[PDB]
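One chain is shown next in structure tokens, namely the form deposited in one PDB entry.
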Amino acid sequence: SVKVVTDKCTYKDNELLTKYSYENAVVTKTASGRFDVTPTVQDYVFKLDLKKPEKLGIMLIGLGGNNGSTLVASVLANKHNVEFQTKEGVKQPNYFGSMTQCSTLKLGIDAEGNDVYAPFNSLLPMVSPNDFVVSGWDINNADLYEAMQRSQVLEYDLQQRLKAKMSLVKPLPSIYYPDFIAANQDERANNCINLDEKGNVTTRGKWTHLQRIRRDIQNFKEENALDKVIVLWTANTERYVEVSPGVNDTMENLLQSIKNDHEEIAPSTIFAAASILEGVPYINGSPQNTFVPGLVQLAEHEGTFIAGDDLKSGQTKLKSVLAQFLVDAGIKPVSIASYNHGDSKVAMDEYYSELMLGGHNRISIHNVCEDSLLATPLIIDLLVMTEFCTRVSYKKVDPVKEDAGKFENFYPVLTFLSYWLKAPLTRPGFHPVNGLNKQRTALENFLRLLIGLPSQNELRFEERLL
């Protein structure tokens, strides 16, 4: 734990109230060249619900896949201390690869002026992956032990020690329309709600599917005595949907198209619409425009969290880091080749860059690891961060009128999660932000701010000029 001697924070009824001065700057560029930078300010009073649910309910769509199954296993492994045998000895479970669970943040310096970091989840209170209550859907009924089997991600022994328990977790029938599977459809569709009472699939009753899914969420909520719940798409990858004026452009139409069983309405569209109606945060972990404007509207209306559009591969991450550092130092990357072979894949991206005076630079990144062992911890983080956000709200403080604010909620598309997605969906007029490093500080500073610490600046003036 950490606590800061500051006057900008007061603990109410198990609620942190923080005043933050939001400095920024507007700049215009003159039809000549010159940039005119007009600074900016806007104080805020942030309210952090200080009580983390004791048990967070999670509902994975594609719960039978490599990521879903290893997610459940990672929770069971850590919660129950189930150590497993390995070719390299006996090993304790952990959560390596997770930012919430294993990375740290700088708090400040010490007597001698040397940096001092603390667990990324030590500052403010966050829910533990170990307190996750998972279940979900999957268009295939294998159970999670059998799921762990076909994925071949975990160690034989480990898989064995979780068998008894994971043979018990059974995914619910999901909704499966055939024309939308654009890929990542490893298993057969033998567990579906959507069956014309004869036995077939069919794309009819799309609204009834939505209701079924909504009811699903409600029942799951009670069977576990859970208040907060969070759904997340980790299934196959579908075909993008053609947003057309009248079907999925505005709220009114989206819902409407569903009842009509419009064809542009896809499985994820429903799970998303359902999640939203139940006011439960929905995360799109796969590439695809499930979040058409129409659905987005709905979210804005219900005032319920959404995020997503691809889990950030540990390769598409490392590609960002590398390419940025490059431009940041003045090199002009002029070419970018590729590789890529779930579990145990090989990635290789090569950069042919320009140096000064006709020179060139050839950089090659070779990457091998089991995908899911990276995608899973990253899923843990998303869930853990959209949980914390859901408990934060802010207030716009007017400098010449004490206490002029009615506490509001994070604009719906939590862009704060971007660090973990490839295509950061975004508010209507903004250009998305990538660049792992920037995306992380944003999060680090947000957390600094809530406990009253300033934006990290690294100027370290207590040495650069004594």
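Rigid core: the largest C-alpha set superposing within 1.5 Å between the two forms. Note that residue numbering begins at 1 and tracks the sequence as displayed.
From this point on, the text means the form deposited in another entry, which you will not see here.
Superposed on the rigid core, the two forms differ between the shown form and the other one by 2 Å or more at the C-alpha of one listed residue only; from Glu187, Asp157, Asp261, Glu146 that residue is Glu187. In this overlay on the rigid core, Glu54 has a C-alpha that sits less than 2 Å away from its partner position between the shown form and the other one. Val41 is not among the residues whose C-alpha shifts by 2 Å or more between the shown form and the other one once the rigid core is aligned; its shift stays under 2 Å. Superposition on the rigid core between the shown form and the other one places the CA atom of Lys401 2 Å or more away from its counterpart.
Put simply, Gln149 and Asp186 spread apart in the other form: their C-alpha atoms are 3 Å or more farther than in the form shown. One change in the other form concerns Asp261 and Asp186, whose Cα atoms lie at least 3 Å closer than in this form.
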